[PDB]
Amino acid sequence: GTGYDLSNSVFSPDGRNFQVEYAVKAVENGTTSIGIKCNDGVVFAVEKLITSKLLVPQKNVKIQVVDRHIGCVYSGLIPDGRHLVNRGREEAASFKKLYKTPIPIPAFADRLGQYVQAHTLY
Amino acid sequence: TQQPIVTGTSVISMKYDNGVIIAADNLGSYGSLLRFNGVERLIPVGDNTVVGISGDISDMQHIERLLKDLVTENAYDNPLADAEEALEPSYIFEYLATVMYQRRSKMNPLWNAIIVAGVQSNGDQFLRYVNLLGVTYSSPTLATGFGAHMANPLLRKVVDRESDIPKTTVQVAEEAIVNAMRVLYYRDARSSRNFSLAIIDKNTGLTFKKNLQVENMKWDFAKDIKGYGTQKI
């Protein structure tokens, strides 16, 4: 029948998860942000909408650092993005703590990836 | 409740007109065995703070990485981690102090004695001590282990009351520390010739000297010492 898009872990009859797809609409409504991979590093840039002259420049920082060597930026629901960075931070500390070497980027990517995926399971 | 294994002897230090000095030899002993000669026991945190650690060296390494985590975490969501909201000597101290007293209170101490040395942002000298019991105190001179008994008396001859500090120069201060390190080498059976020294000055910032040796030792008179009483030859 209908109503496949009401609960988060539900497969629609064509095998999709509509709640995820709705979340994507919140991303699209976000301000724009980018990453440019150069020959020895990466640049991150982001659009900060100035709603009013009452805002303070440049005092609403959106780009976040994880550990000492990782930059994160996100578009969409901002508090969600901070929650994700928070988890990235704990995860990167836990990795350094045990393995001594600061977390390699693919390792770190998978850490967030497994954790984001997890919120599409229940 | 534990017992220390690999150990570091005295950390000694004082404050002069413009900042602080702190010194520590480069050795980790294994009981009577002088096992490791490369041990750096002065831990710089930032450029206004050096942390000298005596006691169990496994516990020191642990404390050492706590400090790095503390610098990393300060810089999270902080566009002022390189000014104004950078780590202050007193912050780093209160943290360590908190951990020490907490571990003691769990009956599982961090088997150490720590002296935190640096210059605060306003310019004030910071010098404080915490140990494996969480006991804390400040004085114009400070020292752990043998340093407490042999270094402090030499150092207090230079800075004997607070009013002596603006009188004491860096050269005079640095002189005392070096002589003290030599006296310790003469008389502390767990000590080492090689040592490190750090000066944190309100105008020169952090100056960290590694691989110093004890020099100018008097040993000559040993040729004249024969027997233990009546022997003439």
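Above this text is the structure in question.
Residues numbered from 1 in each chain as written, not as in the entry; some residues may be left out. Chains lettered and ligands numbered in written order. Part of a larger assembly, values for the part shown. Heavy atoms only, no water.

*Asks:* So what exactly am I meant to see when it comes to the overall build of chain A here?
*Replies:* A tally of helices and strands in chain A yields three helices and four strands. Order of helices (α) and strands (β) in chain A, N terminus to C terminus: α-β-β-β-β-α-α. Radius of gyration (C-alpha) of chain A: 17 Å, far over the 14 Å computed for a compact globule of 122 residues. Projected onto the principal axes, the alpha-carbon positions of chain A cover approximately 50 × 45 × 25 Å. Looking at the 122 residues of chain A, the share that counts as buried comes to 19%. Sequence-distant contacts in chain A: of pairs separated by 6 or more residues, those separated by 24 or more amount to 39%. (Helix = DSSP H or I, 4+ residues; strand = E, 2+ residues; numbered from the N terminus. Rg over C-alpha atoms; globule rule 2.2 N^0.38 Å. Buried < 20%, exposed > 50% of the residue type's maximum accessible area, 1.4 Å probe, protein only. Contact = heavy atoms within 4.5 Å.)

*Asks:* In this structure, what is going on with unusual backbone geometry? I would like to understand it.
*Replies:* In the segment running from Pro57 of chain A into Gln58 of chain A, the intervening peptide bond is cis, with an omega of -5°. Counting through the fold element by element, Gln58 of chain A comes out in the loop between β2 (42-46) and β3 (64-66). The backbone of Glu84 of chain B shows a phi angle near 65°, a positive value even though the residue is not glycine. In this fold, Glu84 of chain B is placed in the loop between α1 (57-74) and α2 (89-105). For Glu84 of chain B, a relative accessible area of 66% puts it in the exposed group. Residues other than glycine seldom take positive phi values, yet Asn216 of chain B does so here, at roughly 60°. Tracing the sequence through the fold places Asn216 of chain B in the segment after β13 (205-213).

*Asks:* So what exactly am I meant to see when it comes to the pairing of strand β3 (residues 19-25) of chain B here?
*Replies:* Each regular strand shows side chains that alternate between the opposite faces of the sheet. Residue and element names in this part refer to chain B. Along β3, seven of the seven residues are buried, which leaves the element largely enclosed by surrounding structure. Counting the residues in the hairpin turn of strand β2 (residues 11-16) and β3 gives two residues. Of the strand pairs in this sheet, β3 and strand β12 (residues 194-201) are connected by seven bridges, and their pairing is antiparallel. What sits directly across from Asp25, in β12, is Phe195. (Pairing = 2+ DSSP bridges.)

*Asks:* What should I look at first to understand the packing of helix α3 (residues 146-155) of chain B against helix α4 (residues 170-187) of chain B in this one?
*Replies:* The packing of two helices is summarised by the inter-axis angle and the distance between the axes. Residue and element names in this part refer to chain B. Direction vectors running N to C along α3 and α4 enclose 140°, while the axes themselves pass 9 Å from each other. Judged on the interaxial angle alone, α4 and α3 are oblique. As α3 runs across α4, the sense of the crossing is right-handed. In contact with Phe146, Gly147, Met150, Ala151, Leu154 and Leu155 of α3, α4 contributes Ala176, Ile177, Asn179, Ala180, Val183, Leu184 and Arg187. For the contact of α3 with α4, the per-class residue count stands at 10 nonpolar, two polar and one charged. (Axes fitted to C-alpha atoms, helices over the stretch in contact; angles between N-to-C directions. Parallel < 35°, antiparallel > 145°, perpendicular 65-115°, else oblique. Left-handed = near helix turned anticlockwise from the far one by under 90°. Nonpolar A, V, L, I, M, F, W, Y, C, P; charged D, E, K, R; others polar.)

*Asks:* Would you explain the interface of chain B and chain A in this entry?
*Replies:* In many reports, interface size means the accessible area that the parts give up when they come together. The interface is formed by nine residues belonging to chain B together with 11 residues belonging to chain A. For the chain B and chain A pair, buried surface summed over both sides reaches about 810 Å², with 45% attributable to carbon and sulfur atoms. Linking chain B to chain A there are two salt bridges. Counting across the interface, chain B meets chain A through five residue pairs in polar contact. (Buried area = accessible area lost by both parts, 1.4 Å probe. Salt bridge = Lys/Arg side-chain N within 4 Å of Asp/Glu carboxyl O. Polar contact = N/O pair within 3.5 Å; in protein donor to acceptor, adjacent residues only side chain to side chain.)

*Asks:* Explain the pattern of salt bridges to me, please; I cannot follow it from the model alone.
*Replies:* A side chain of one charge can pair with a side chain of the opposite charge if their charged atoms are brought near each other. Residue and element names in this part refer to chain A. As enumerated under the stated definition, the model contains 14 salt bridges over all chains in all. Between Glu28 and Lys25 there is a salt bridge, and its shortest N-O distance comes to 3.9 Å. Here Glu28 pairs with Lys25, and both are found in helix α1 (residues 18-28), just three residues apart, close to one helical turn. The pair formed by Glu28 and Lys25 is uniform in burial state, with each residue classed as exposed. When the shortest N-O distance is used, the salt bridge between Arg87 and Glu91 registers 2.8 Å. Within this pair, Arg87 and its partner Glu91 are both found in helix α2 (residues 78-99), separated by four residues, close to a single helical turn.

*Asks:* What should I look at first to understand the sheet that holds strand β11 (residues 141-143) of chain B in this one?
*Replies:* Backbone hydrogen bonds hold the strands of a sheet together, and the pairing may be parallel or antiparallel. Residue and element names in this part refer to chain B. Read from one edge to the other, the open sheet built from five strands follows the order β11-β2-β3-β12-β13, with strand pairing classed as antiparallel. Since the sheet does not close on itself, it has two edges, and those belong to β11 and β13, each with one partner. Going from strand to strand, the sheet's axes swing by 15° on average, the running direction of each strand aside. Contacts from α3 reach β2 and β11, with the element oriented near 160° to β11. Each of β2, β3, β12 and β13 touches α4; the most contacted strand, β2, lies at about 165° to it.

None of the figures reported here should be taken as evidence of function without further support.
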